[PDB]
Amino acid sequence: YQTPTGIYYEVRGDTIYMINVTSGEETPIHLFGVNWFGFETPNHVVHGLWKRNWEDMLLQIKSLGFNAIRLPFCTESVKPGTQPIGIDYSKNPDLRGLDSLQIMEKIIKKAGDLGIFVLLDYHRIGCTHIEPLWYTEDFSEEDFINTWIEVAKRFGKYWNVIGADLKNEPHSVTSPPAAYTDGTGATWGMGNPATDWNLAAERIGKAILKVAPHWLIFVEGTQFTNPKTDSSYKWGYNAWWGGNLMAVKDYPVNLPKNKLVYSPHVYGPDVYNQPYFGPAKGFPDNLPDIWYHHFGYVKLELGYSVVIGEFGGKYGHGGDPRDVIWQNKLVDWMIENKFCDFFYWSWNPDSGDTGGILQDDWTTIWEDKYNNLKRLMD
Ligand SMILES: [Zn+2]
Ligand SMILES: [Zn+2]
Ligand SMILES: [Zn+2]
Ligand SMILES: [Zn+2]
Ligand SMILES: [Zn+2]
Ligand SMILES: [Zn+2]
Ligand SMILES: [Zn+2]
Ligand SMILES: [Zn+2]
């Protein structure tokens with residue numbers, strides 16, 4: 001167990017372990033997580049620091065029973081010198097004069113004092129859009145990897161950083177079948193290095209494990225994988241961005257079994273009006289089998305650690321009424337099948353189709369939404 005902190009994380013079966021290498025103590029951990037976003041935006045800092053103090057926010061997250069944060073970032077936020085925008089330095093006087101990296105470091109050190117796990121998520125290459133692929137004509141794979149290497153060297157020193165969510169939401173920007181071969185979108189198992197996320201995750205993960213051997217590597221799904229795989233299931237074309245893990249069975253990512261975590265995204269009627277959200281398609285009793293095929297079998301049949309990295313919705317608040325039913329159904333199903341490690345989207349209220357756990361006052365929570373979610377925390 002090599003580690004620069006004394007702590008080494010690893011997967012055993014479908015369970016995540018935290019190992020203290022000096023003393024030999026080791027425990028399984030849950031991830032009861034939330035996303036707290038903003039470092040992937042042009043403000044270059046988690047949102048909500050106009051109305052709240054950053055440390056009060058971490059304390060509140062903890063008081064609600066969460067023990068983990070997924071922290072989205074974009075390339076510019078993790079380069080030295082990038083200035084954060086929108087902080088009220090009267091509520092946050094200890095942030096005055098800090099750059100976004102210093103703020104990230106301060107927040108992660110504090111989460112660690114509070115016993116909060118951090119998962120780092122390279123959410124966008126620019127700070128405006130999630131790209132479909134892990135590069136761009138102006139930012140190469142080599143650049144993407146070098147950024148993760150400099151993130152891993154800097155943040156690998158914080159004991160509570162559990163690892164790297166390689167690239168948020170690989171997806172497509174045209175329909176199949178062109179999306180499989182037109183080079184504009186992520187694929188999986190096409191046998192084409194320009195677009196295959198399964199092969200990229202191997203290359204990117206290996207590079208990170210060289211400098212942070214103690215980290216977990218979280219790999220999301222794609223949107224479309226390969227014609228064979230997607231056409232083999234009736235809703236095979238209707239998986240979310242980062243939400244199609246159908247190609248794992250035939251094309252497993254070839255990263256060490258004790259390091260690899262699979263991390264699908266899954267959403268409800270508030271995010272997209274999927275055909276399968278018709279009561280006249282089986283809703284909501286049809287859901288379990290759809291989740292099972294899109295990603296659940298990766299745990300339930302193949303035995304891997306599967307940590308849902310995003311799910312959420314308005315839960316009836318200025319949104320689709322079916323959302324309340326959908327989050328209730330999805331949480332029942334995660335309980336019944338022991339998907340106990342997750343990250344909810346999001347802590348922040350300022351997410352247009354999902355809202356968050358906090359209300360728009362950035363202070364009060366959606367009680368009912370939270371009470372449903374809290375069933376996962378036992
Ligand atoms: Zn768990
Ligand atoms: Zn437990
Ligand atoms: Zn900027
Ligand atoms: Zn800029
Ligand atoms: Zn762009
Ligand atoms: Zn089935
Ligand atoms: Zn998302
Ligand atoms: Zn309500």
# chains A, B, ... in the order shown; residues from 1 in each chain; ligands from 1

call {"tool": "residues_near_ligand", "arguments": {"ligand": "ligand 8", "cutoff": "6 Å", "atoms": "only C-alpha atoms and all ligand atoms", "output": "ChimeraX atom specification"}}
result
/A:316-317,368

call {"tool": "residues_near_ligand", "arguments": {"ligand": "ligand 5", "cutoff": "8 Å", "atoms": "only C-alpha atoms and all ligand atoms", "output": "PDB file with N, CA, C and O atoms, in the first residue's frame"}}
result
ATOM      1  N   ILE A 125     -13.723  20.874 -19.372  1.00  0.00           N
ATOM      2  CA  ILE A 125     -12.372  21.339 -19.792  1.00  0.00           C
ATOM      3  C   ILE A 125     -12.393  22.885 -19.833  1.00  0.00           C
ATOM      4  O   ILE A 125     -11.505  23.551 -19.243  1.00  0.00           O
ATOM      5  N   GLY A 126     -13.352  23.461 -20.570  1.00  0.00           N
ATOM      6  CA  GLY A 126     -13.640  24.886 -20.443  1.00  0.00           C
ATOM      7  C   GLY A 126     -14.364  25.126 -19.122  1.00  0.00           C
ATOM      8  O   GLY A 126     -14.447  24.221 -18.241  1.00  0.00           O
ATOM      9  N   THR A 128     -17.591  26.400 -19.214  1.00  0.00           N
ATOM     10  CA  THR A 128     -18.924  26.811 -19.696  1.00  0.00           C
ATOM     11  C   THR A 128     -19.868  25.665 -20.018  1.00  0.00           C
ATOM     12  O   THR A 128     -21.049  25.829 -19.848  1.00  0.00           O
ATOM     13  N   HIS A 129     -19.310  24.551 -20.519  1.00  0.00           N
ATOM     14  CA  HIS A 129     -20.044  23.389 -21.028  1.00  0.00           C
ATOM     15  C   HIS A 129     -19.386  22.063 -20.689  1.00  0.00           C
ATOM     16  O   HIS A 129     -18.165  21.966 -20.704  1.00  0.00           O
ATOM     17  N   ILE A 130     -20.173  21.001 -20.505  1.00  0.00           N
ATOM     18  CA  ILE A 130     -19.585  19.667 -20.444  1.00  0.00           C
ATOM     19  C   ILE A 130     -19.365  19.211 -21.887  1.00  0.00           C
ATOM     20  O   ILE A 130     -20.344  19.001 -22.646  1.00  0.00           O
ATOM     21  N   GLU A 131     -18.100  18.952 -22.224  1.00  0.00           N
ATOM     22  CA  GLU A 131     -17.750  18.484 -23.545  1.00  0.00           C
ATOM     23  C   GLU A 131     -18.149  17.019 -23.656  1.00  0.00           C
ATOM     24  O   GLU A 131     -18.186  16.287 -22.631  1.00  0.00           O
ATOM     25  N   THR A 136     -10.566  18.251 -26.859  1.00  0.00           N
ATOM     26  CA  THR A 136     -11.088  19.347 -27.636  1.00  0.00           C
ATOM     27  C   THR A 136     -10.011  19.657 -28.679  1.00  0.00           C
ATOM     28  O   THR A 136      -8.860  19.136 -28.574  1.00  0.00           O
TER      29      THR A 136
END

call {"tool": "residues_around", "arguments": {"residues": "residue 310 of chain A", "least_positions_apart": "3", "cutoff": "8 Å", "atoms": "only C-alpha atoms", "output": "ChimeraX atom specification"}}
result
/A:35,264-267,342-346

call {"tool": "write_last_selection", "arguments": {"atoms": "C-alpha atoms", "output": "short mmCIF file (atom, residue, chain, number, x, y, z; two decimals), in the first residue's frame"}}
result
data_model
loop_
_atom_site.label_atom_id
_atom_site.label_comp_id
_atom_site.auth_asym_id
_atom_site.auth_seq_id
_atom_site.Cartn_x
_atom_site.Cartn_y
_atom_site.Cartn_z
CA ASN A 35 -22.37 17.54 -5.14
CA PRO A 264 -23.43 6.17 -13.42
CA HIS A 265 -25.63 9.25 -13.43
CA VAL A 266 -29.40 8.75 -13.33
CA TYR A 267 -32.16 11.36 -13.49
CA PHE A 342 -24.01 7.88 -3.74
CA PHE A 343 -23.72 11.61 -4.49
CA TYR A 344 -26.96 13.63 -4.74
CA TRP A 345 -27.20 16.51 -7.27
CA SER A 346 -26.96 18.88 -5.63
#

call {"tool": "residues_near_ligand", "arguments": {"ligand": "ligand 3", "cutoff": "10 Å", "atoms": "only C-alpha atoms and all ligand atoms", "output": "PDB file with N, CA, C and O atoms, in the first residue's frame"}}
result
ATOM      1  N   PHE A  39     -16.901  25.329  -8.818  1.00  0.00           N
ATOM      2  CA  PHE A  39     -15.502  25.443  -9.292  1.00  0.00           C
ATOM      3  C   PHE A  39     -15.426  25.016 -10.790  1.00  0.00           C
ATOM      4  O   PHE A  39     -14.374  25.195 -11.451  1.00  0.00           O
ATOM      5  N   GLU A  40     -16.491  24.458 -11.341  1.00  0.00           N
ATOM      6  CA  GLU A  40     -16.422  24.267 -12.847  1.00  0.00           C
ATOM      7  C   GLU A  40     -17.041  25.416 -13.664  1.00  0.00           C
ATOM      8  O   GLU A  40     -17.164  25.311 -14.932  1.00  0.00           O
ATOM      9  N   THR A  41     -17.385  26.533 -12.996  1.00  0.00           N
ATOM     10  CA  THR A  41     -18.047  27.658 -13.663  1.00  0.00           C
ATOM     11  C   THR A  41     -17.088  28.828 -13.770  1.00  0.00           C
ATOM     12  O   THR A  41     -16.028  28.807 -13.157  1.00  0.00           O
ATOM     13  N   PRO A  42     -17.463  29.869 -14.536  1.00  0.00           N
ATOM     14  CA  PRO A  42     -16.575  31.035 -14.654  1.00  0.00           C
ATOM     15  C   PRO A  42     -16.454  31.794 -13.329  1.00  0.00           C
ATOM     16  O   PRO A  42     -15.635  32.679 -13.217  1.00  0.00           O
ATOM     17  N   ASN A  43     -17.264  31.497 -12.326  1.00  0.00           N
ATOM     18  CA  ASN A  43     -16.968  32.118 -10.989  1.00  0.00           C
ATOM     19  C   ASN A  43     -15.784  31.489 -10.220  1.00  0.00           C
ATOM     20  O   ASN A  43     -15.282  32.076  -9.209  1.00  0.00           O
ATOM     21  N   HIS A  44     -15.434  30.254 -10.592  1.00  0.00           N
ATOM     22  CA  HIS A  44     -14.244  29.524 -10.087  1.00  0.00           C
ATOM     23  C   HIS A  44     -14.291  29.347  -8.550  1.00  0.00           C
ATOM     24  O   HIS A  44     -13.275  29.541  -7.867  1.00  0.00           O
ATOM     25  N   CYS A  74     -13.157  22.851 -13.214  1.00  0.00           N
ATOM     26  CA  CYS A  74     -12.790  22.975 -14.630  1.00  0.00           C
ATOM     27  C   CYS A  74     -11.324  23.354 -14.596  1.00  0.00           C
ATOM     28  O   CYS A  74     -10.761  23.647 -13.520  1.00  0.00           O
ATOM     29  N   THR A  75     -10.670  23.238 -15.743  1.00  0.00           N
ATOM     30  CA  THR A  75      -9.203  23.354 -15.861  1.00  0.00           C
ATOM     31  C   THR A  75      -8.698  24.654 -15.213  1.00  0.00           C
ATOM     32  O   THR A  75      -7.752  24.643 -14.400  1.00  0.00           O
ATOM     33  N   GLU A  76      -9.352  25.762 -15.522  1.00  0.00           N
ATOM     34  CA  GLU A  76      -8.828  27.042 -15.067  1.00  0.00           C
ATOM     35  C   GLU A  76      -8.863  27.132 -13.542  1.00  0.00           C
ATOM     36  O   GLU A  76      -7.992  27.769 -12.929  1.00  0.00           O
ATOM     37  N   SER A  77      -9.909  26.587 -12.913  1.00  0.00           N
ATOM     38  CA  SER A  77     -10.006  26.656 -11.437  1.00  0.00           C
ATOM     39  C   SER A  77      -8.830  25.966 -10.707  1.00  0.00           C
ATOM     40  O   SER A  77      -8.577  26.257  -9.510  1.00  0.00           O
ATOM     41  N   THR A  82      -6.080  31.919 -10.489  1.00  0.00           N
ATOM     42  CA  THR A  82      -7.399  32.163 -11.048  1.00  0.00           C
ATOM     43  C   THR A  82      -8.255  32.755  -9.933  1.00  0.00           C
ATOM     44  O   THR A  82      -8.350  32.174  -8.870  1.00  0.00           O
ATOM     45  N   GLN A  83      -8.898  33.897 -10.185  1.00  0.00           N
ATOM     46  CA  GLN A  83      -9.645  34.613  -9.141  1.00  0.00           C
ATOM     47  C   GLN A  83     -11.084  34.173  -9.052  1.00  0.00           C
ATOM     48  O   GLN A  83     -11.760  34.047 -10.089  1.00  0.00           O
ATOM     49  N   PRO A  84     -11.574  33.988  -7.813  1.00  0.00           N
ATOM     50  CA  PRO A  84     -12.946  33.532  -7.658  1.00  0.00           C
ATOM     51  C   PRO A  84     -13.856  34.733  -7.809  1.00  0.00           C
ATOM     52  O   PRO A  84     -13.408  35.851  -7.559  1.00  0.00           O
ATOM     53  N   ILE A  85     -15.121  34.523  -8.180  1.00  0.00           N
ATOM     54  CA  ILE A  85     -16.055  35.644  -8.355  1.00  0.00           C
ATOM     55  C   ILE A  85     -17.283  35.366  -7.492  1.00  0.00           C
ATOM     56  O   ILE A  85     -17.771  34.205  -7.444  1.00  0.00           O
ATOM     57  N   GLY A 126     -13.352  23.461 -20.570  1.00  0.00           N
ATOM     58  CA  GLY A 126     -13.640  24.886 -20.443  1.00  0.00           C
ATOM     59  C   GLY A 126     -14.364  25.126 -19.122  1.00  0.00           C
ATOM     60  O   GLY A 126     -14.447  24.221 -18.241  1.00  0.00           O
ATOM     61  N   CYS A 127     -14.910  26.315 -18.930  1.00  0.00           N
ATOM     62  CA  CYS A 127     -15.695  26.494 -17.697  1.00  0.00           C
ATOM     63  C   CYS A 127     -17.123  26.881 -18.056  1.00  0.00           C
ATOM     64  O   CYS A 127     -17.817  27.545 -17.248  1.00  0.00           O
ATOM     65  N   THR A 128     -17.591  26.400 -19.214  1.00  0.00           N
ATOM     66  CA  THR A 128     -18.924  26.811 -19.696  1.00  0.00           C
ATOM     67  C   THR A 128     -19.868  25.665 -20.018  1.00  0.00           C
ATOM     68  O   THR A 128     -21.049  25.829 -19.848  1.00  0.00           O
TER      69      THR A 128
END

call {"tool": "residues_around", "arguments": {"residues": "residue 201 of chain A", "least_positions_apart": "5", "cutoff": "9 Å", "atoms": "only C-alpha atoms", "output": "list in words"}}
result
residues 166, 167, 196, 206, 217, 219, 253, 254 and 255 of chain A

call {"tool": "write_last_selection", "arguments": {"atoms": "N, CA, C and O atoms", "output": "mmCIF file, in the first residue's frame"}}
result
data_model
loop_
_atom_site.group_PDB
_atom_site.id
_atom_site.type_symbol
_atom_site.label_atom_id
_atom_site.label_comp_id
_atom_site.auth_asym_id
_atom_site.auth_seq_id
_atom_site.Cartn_x
_atom_site.Cartn_y
_atom_site.Cartn_z
ATOM 1 N N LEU A 166 -12.862 10.707 -13.285
ATOM 2 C CA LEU A 166 -12.037 11.065 -14.475
ATOM 3 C C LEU A 166 -12.558 12.163 -15.379
ATOM 4 O O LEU A 166 -11.810 13.065 -15.711
ATOM 5 N N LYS A 167 -13.827 12.074 -15.794
ATOM 6 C CA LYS A 167 -14.411 13.072 -16.701
ATOM 7 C C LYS A 167 -15.900 13.025 -16.547
ATOM 8 O O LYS A 167 -16.499 11.956 -16.602
ATOM 9 N N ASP A 196 -13.408 6.036 -27.709
ATOM 10 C CA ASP A 196 -13.869 4.995 -26.714
ATOM 11 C C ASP A 196 -13.505 5.441 -25.314
ATOM 12 O O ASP A 196 -12.327 5.446 -24.979
ATOM 13 N N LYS A 206 -4.576 5.123 -15.294
ATOM 14 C CA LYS A 206 -3.217 4.643 -15.060
ATOM 15 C C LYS A 206 -2.266 5.787 -14.759
ATOM 16 O O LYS A 206 -1.391 5.680 -13.883
ATOM 17 N N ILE A 217 -10.451 5.305 -8.619
ATOM 18 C CA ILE A 217 -10.716 5.873 -9.935
ATOM 19 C C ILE A 217 -12.174 5.667 -10.231
ATOM 20 O O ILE A 217 -12.626 4.546 -10.334
ATOM 21 N N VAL A 219 -15.272 5.859 -12.718
ATOM 22 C CA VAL A 219 -15.498 5.935 -14.183
ATOM 23 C C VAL A 219 -16.978 6.024 -14.480
ATOM 24 O O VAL A 219 -17.719 5.078 -14.189
ATOM 25 N N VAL A 253 -13.568 -1.907 -18.130
ATOM 26 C CA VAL A 253 -12.401 -1.010 -18.145
ATOM 27 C C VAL A 253 -11.247 -1.751 -17.532
ATOM 28 O O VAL A 253 -11.394 -2.334 -16.460
ATOM 29 N N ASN A 254 -10.092 -1.770 -18.169
ATOM 30 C CA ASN A 254 -9.014 -2.623 -17.667
ATOM 31 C C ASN A 254 -8.091 -1.850 -16.686
ATOM 32 O O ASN A 254 -6.900 -1.598 -16.960
ATOM 33 N N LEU A 255 -8.683 -1.460 -15.539
ATOM 34 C CA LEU A 255 -7.980 -0.841 -14.405
ATOM 35 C C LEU A 255 -8.041 -1.825 -13.203
ATOM 36 O O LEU A 255 -8.925 -2.673 -13.157
#

call {"tool": "residues_near_ligand", "arguments": {"ligand": "ligand 2", "cutoff": "12 Å", "atoms": "only C-alpha atoms and all ligand atoms", "output": "VMD selection string"}}
result
chain A and resid 15 to 16 27 to 32 65 67 335 338 to 341 375 to 378

call {"tool": "closest_residue", "arguments": {"among": "A:24, A:6, A:268, A:242", "to": "ligand 7", "atoms": "only C-alpha atoms and all ligand atoms"}}
result
A:242

call {"tool": "residues_around", "arguments": {"residues": "residue 322 of chain A", "least_positions_apart": "4", "cutoff": "12 Å", "atoms": "only C-alpha atoms", "output": "list in words"}}
result
residues 268, 269, 270, 271, 272, 273, 274, 276, 277, 278, 279, 283, 284, 313, 314, 315, 316, 317, 318, 326, 327, 328 and 329 of chain A

call {"tool": "write_last_selection", "arguments": {"atoms": "N, CA, C and O atoms", "output": "PDB file, in the first residue's frame"}}
result
ATOM      1  N   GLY A 268     -34.512  12.016 -13.375  1.00  0.00           N
ATOM      2  CA  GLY A 268     -35.975  11.842 -13.382  1.00  0.00           C
ATOM      3  C   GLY A 268     -36.683  12.767 -14.347  1.00  0.00           C
ATOM      4  O   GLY A 268     -36.055  13.429 -15.178  1.00  0.00           O
ATOM      5  N   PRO A 269     -38.020  12.822 -14.250  1.00  0.00           N
ATOM      6  CA  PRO A 269     -38.805  13.570 -15.227  1.00  0.00           C
ATOM      7  C   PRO A 269     -38.437  15.046 -15.308  1.00  0.00           C
ATOM      8  O   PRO A 269     -38.628  15.672 -16.355  1.00  0.00           O
ATOM      9  N   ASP A 270     -37.902  15.615 -14.233  1.00  0.00           N
ATOM     10  CA  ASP A 270     -37.558  17.032 -14.257  1.00  0.00           C
ATOM     11  C   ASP A 270     -36.405  17.358 -15.202  1.00  0.00           C
ATOM     12  O   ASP A 270     -36.260  18.501 -15.605  1.00  0.00           O
ATOM     13  N   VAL A 271     -35.574  16.372 -15.540  1.00  0.00           N
ATOM     14  CA  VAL A 271     -34.384  16.623 -16.347  1.00  0.00           C
ATOM     15  C   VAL A 271     -34.608  16.317 -17.798  1.00  0.00           C
ATOM     16  O   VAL A 271     -34.146  17.066 -18.680  1.00  0.00           O
ATOM     17  N   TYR A 272     -35.284  15.205 -18.077  1.00  0.00           N
ATOM     18  CA  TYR A 272     -35.723  14.949 -19.459  1.00  0.00           C
ATOM     19  C   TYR A 272     -36.999  14.097 -19.477  1.00  0.00           C
ATOM     20  O   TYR A 272     -37.098  13.119 -18.722  1.00  0.00           O
ATOM     21  N   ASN A 273     -37.948  14.431 -20.362  1.00  0.00           N
ATOM     22  CA  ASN A 273     -39.209  13.680 -20.381  1.00  0.00           C
ATOM     23  C   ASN A 273     -39.071  12.353 -21.146  1.00  0.00           C
ATOM     24  O   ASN A 273     -39.503  12.268 -22.305  1.00  0.00           O
ATOM     25  N   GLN A 274     -38.422  11.357 -20.524  1.00  0.00           N
ATOM     26  CA  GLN A 274     -38.069  10.095 -21.179  1.00  0.00           C
ATOM     27  C   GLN A 274     -39.375   9.350 -21.484  1.00  0.00           C
ATOM     28  O   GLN A 274     -40.328   9.433 -20.686  1.00  0.00           O
ATOM     29  N   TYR A 276     -40.173   6.273 -21.191  1.00  0.00           N
ATOM     30  CA  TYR A 276     -40.455   5.406 -20.061  1.00  0.00           C
ATOM     31  C   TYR A 276     -40.969   6.075 -18.781  1.00  0.00           C
ATOM     32  O   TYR A 276     -41.261   5.401 -17.810  1.00  0.00           O
ATOM     33  N   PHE A 277     -41.116   7.393 -18.788  1.00  0.00           N
ATOM     34  CA  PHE A 277     -41.793   8.048 -17.671  1.00  0.00           C
ATOM     35  C   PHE A 277     -43.316   8.200 -17.925  1.00  0.00           C
ATOM     36  O   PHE A 277     -44.058   8.700 -17.051  1.00  0.00           O
ATOM     37  N   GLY A 278     -43.846   7.578 -18.980  1.00  0.00           N
ATOM     38  CA  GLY A 278     -45.327   7.442 -19.060  1.00  0.00           C
ATOM     39  C   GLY A 278     -45.934   6.392 -18.128  1.00  0.00           C
ATOM     40  O   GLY A 278     -45.517   5.234 -18.152  1.00  0.00           O
ATOM     41  N   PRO A 279     -46.933   6.771 -17.301  1.00  0.00           N
ATOM     42  CA  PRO A 279     -47.613   5.687 -16.587  1.00  0.00           C
ATOM     43  C   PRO A 279     -48.039   4.636 -17.614  1.00  0.00           C
ATOM     44  O   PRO A 279     -48.025   3.436 -17.331  1.00  0.00           O
ATOM     45  N   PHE A 283     -44.881   3.204 -15.741  1.00  0.00           N
ATOM     46  CA  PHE A 283     -44.272   4.043 -14.711  1.00  0.00           C
ATOM     47  C   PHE A 283     -45.117   4.094 -13.446  1.00  0.00           C
ATOM     48  O   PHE A 283     -46.353   4.236 -13.514  1.00  0.00           O
ATOM     49  N   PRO A 284     -44.469   3.989 -12.274  1.00  0.00           N
ATOM     50  CA  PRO A 284     -43.021   3.866 -12.067  1.00  0.00           C
ATOM     51  C   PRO A 284     -42.532   2.446 -11.873  1.00  0.00           C
ATOM     52  O   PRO A 284     -41.373   2.258 -11.480  1.00  0.00           O
ATOM     53  N   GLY A 313     -33.646  16.004  -8.445  1.00  0.00           N
ATOM     54  CA  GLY A 313     -34.808  16.537  -9.153  1.00  0.00           C
ATOM     55  C   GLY A 313     -35.562  17.466  -8.235  1.00  0.00           C
ATOM     56  O   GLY A 313     -35.277  17.520  -7.043  1.00  0.00           O
ATOM     57  N   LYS A 314     -36.533  18.200  -8.779  1.00  0.00           N
ATOM     58  CA  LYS A 314     -37.281  19.206  -8.003  1.00  0.00           C
ATOM     59  C   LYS A 314     -38.195  18.600  -6.949  1.00  0.00           C
ATOM     60  O   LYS A 314     -38.537  19.260  -5.948  1.00  0.00           O
ATOM     61  N   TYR A 315     -38.530  17.325  -7.098  1.00  0.00           N
ATOM     62  CA  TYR A 315     -39.319  16.672  -6.047  1.00  0.00           C
ATOM     63  C   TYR A 315     -40.629  17.415  -5.873  1.00  0.00           C
ATOM     64  O   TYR A 315     -41.108  17.630  -4.746  1.00  0.00           O
ATOM     65  N   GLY A 316     -41.205  17.840  -6.980  1.00  0.00           N
ATOM     66  CA  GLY A 316     -42.574  18.398  -6.912  1.00  0.00           C
ATOM     67  C   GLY A 316     -42.519  19.903  -6.768  1.00  0.00           C
ATOM     68  O   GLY A 316     -43.523  20.543  -6.945  1.00  0.00           O
ATOM     69  N   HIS A 317     -41.352  20.501  -6.507  1.00  0.00           N
ATOM     70  CA  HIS A 317     -41.289  21.967  -6.305  1.00  0.00           C
ATOM     71  C   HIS A 317     -41.062  22.842  -7.555  1.00  0.00           C
ATOM     72  O   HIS A 317     -39.916  23.154  -7.896  1.00  0.00           O
ATOM     73  N   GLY A 318     -42.157  23.257  -8.208  1.00  0.00           N
ATOM     74  CA  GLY A 318     -42.075  24.006  -9.449  1.00  0.00           C
ATOM     75  C   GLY A 318     -41.533  23.105 -10.541  1.00  0.00           C
ATOM     76  O   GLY A 318     -40.888  23.581 -11.479  1.00  0.00           O
ATOM     77  N   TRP A 326     -40.775   9.565  -8.783  1.00  0.00           N
ATOM     78  CA  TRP A 326     -39.539   8.974  -9.347  1.00  0.00           C
ATOM     79  C   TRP A 326     -38.443   8.895  -8.277  1.00  0.00           C
ATOM     80  O   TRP A 326     -37.773   7.868  -8.126  1.00  0.00           O
ATOM     81  N   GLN A 327     -38.275   9.933  -7.470  1.00  0.00           N
ATOM     82  CA  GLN A 327     -37.203   9.846  -6.432  1.00  0.00           C
ATOM     83  C   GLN A 327     -37.540   8.885  -5.314  1.00  0.00           C
ATOM     84  O   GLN A 327     -36.630   8.246  -4.729  1.00  0.00           O
ATOM     85  N   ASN A 328     -38.827   8.846  -4.931  1.00  0.00           N
ATOM     86  CA  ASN A 328     -39.296   7.806  -4.000  1.00  0.00           C
ATOM     87  C   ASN A 328     -38.988   6.407  -4.588  1.00  0.00           C
ATOM     88  O   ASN A 328     -38.486   5.553  -3.911  1.00  0.00           O
ATOM     89  N   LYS A 329     -39.293   6.182  -5.858  1.00  0.00           N
ATOM     90  CA  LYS A 329     -39.095   4.840  -6.437  1.00  0.00           C
ATOM     91  C   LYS A 329     -37.621   4.507  -6.489  1.00  0.00           C
ATOM     92  O   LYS A 329     -37.185   3.419  -6.079  1.00  0.00           O
TER      93      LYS A 329
END

call {"tool": "residues_around", "arguments": {"residues": "segment 296-300 of chain A", "least_positions_apart": "4", "cutoff": "10 Å", "atoms": "only C-alpha atoms", "output": "VMD selection string"}}
result
chain A and resid 13 to 14 245 to 249 252 262 264 288 to 292 304 to 308 334 337 to 339

call {"tool": "residues_around", "arguments": {"residues": "residue 172 of chain A", "least_positions_apart": "6", "cutoff": "12 Å", "atoms": "only C-alpha atoms", "output": "PyMOL selection string"}}
result
chain A and resi 130-134+178-188+195-197+221-226+237-244

call {"tool": "select_by_dssp", "arguments": {"residues": "segment 93-248 of chain A", "states": "alpha helix (DSSP H)", "output": "PyMOL selection string"}}
result
chain A and resi 100-114+141-155+197-211+227-231

call {"tool": "select_by_dssp", "arguments": {"residues": "segment 97-267 of chain A", "states": "strand (DSSP E)", "output": "PDB file with C-alpha atoms, in the first residue's frame"}}
result
ATOM      1  CA  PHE A 117     -14.583  12.544   2.133  1.00  0.00           C
ATOM      2  CA  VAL A 118     -13.917  14.561  -1.053  1.00  0.00           C
ATOM      3  CA  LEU A 119     -14.232  13.170  -4.594  1.00  0.00           C
ATOM      4  CA  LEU A 120     -12.659  15.349  -7.238  1.00  0.00           C
ATOM      5  CA  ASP A 121     -14.580  15.614 -10.505  1.00  0.00           C
ATOM      6  CA  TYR A 122     -13.067  17.025 -13.719  1.00  0.00           C
ATOM      7  CA  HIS A 123     -16.436  18.257 -14.829  1.00  0.00           C
ATOM      8  CA  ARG A 124     -15.539  20.563 -17.809  1.00  0.00           C
ATOM      9  CA  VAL A 161      -9.608  12.988  -0.895  1.00  0.00           C
ATOM     10  CA  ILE A 162     -10.779   9.523  -1.975  1.00  0.00           C
ATOM     11  CA  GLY A 163      -9.826   9.963  -5.658  1.00  0.00           C
ATOM     12  CA  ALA A 164     -10.755  11.022  -9.172  1.00  0.00           C
ATOM     13  CA  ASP A 165     -13.980  11.044 -11.152  1.00  0.00           C
ATOM     14  CA  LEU A 216      -9.913   5.337  -6.250  1.00  0.00           C
ATOM     15  CA  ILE A 217     -10.716   5.873  -9.935  1.00  0.00           C
ATOM     16  CA  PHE A 218     -14.378   6.624 -10.573  1.00  0.00           C
ATOM     17  CA  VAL A 219     -15.498   5.935 -14.183  1.00  0.00           C
ATOM     18  CA  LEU A 260     -11.929   0.954 -10.033  1.00  0.00           C
ATOM     19  CA  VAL A 261     -15.336   2.302  -9.098  1.00  0.00           C
ATOM     20  CA  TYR A 262     -18.183   2.591 -11.648  1.00  0.00           C
TER      21      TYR A 262
END

call {"tool": "atom_distance", "arguments": {"atom1": "atom CA of residue 257 of chain A", "atom2": "atom CA of residue 151 of chain A"}}
result
22.9 Å

call {"tool": "atom_distance", "arguments": {"atom1": "atom CA of residue 356 of chain A", "atom2": "atom CA of residue 330 of chain A"}}
result
16.6 Å

call {"tool": "closest_residue", "arguments": {"among": "A:47, A:110, A:234, A:153", "to": "residue 209 of chain A", "atoms": "only C-alpha atoms"}}
result
A:153

call {"tool": "closest_residue", "arguments": {"among": "A:350, A:259, A:332, A:302", "to": "residue 18 of chain A", "atoms": "only C-alpha atoms"}}
result
A:259

call {"tool": "atom_distance", "arguments": {"atom1": "atom CA of residue 104 of chain A", "atom2": "atom CA of residue 86 of chain A"}}
result
15.1 Å

call {"tool": "closest_residue", "arguments": {"among": "A:321, A:236, A:48, A:309", "to": "ligand 6", "atoms": "only C-alpha atoms and all ligand atoms"}}
result
A:236
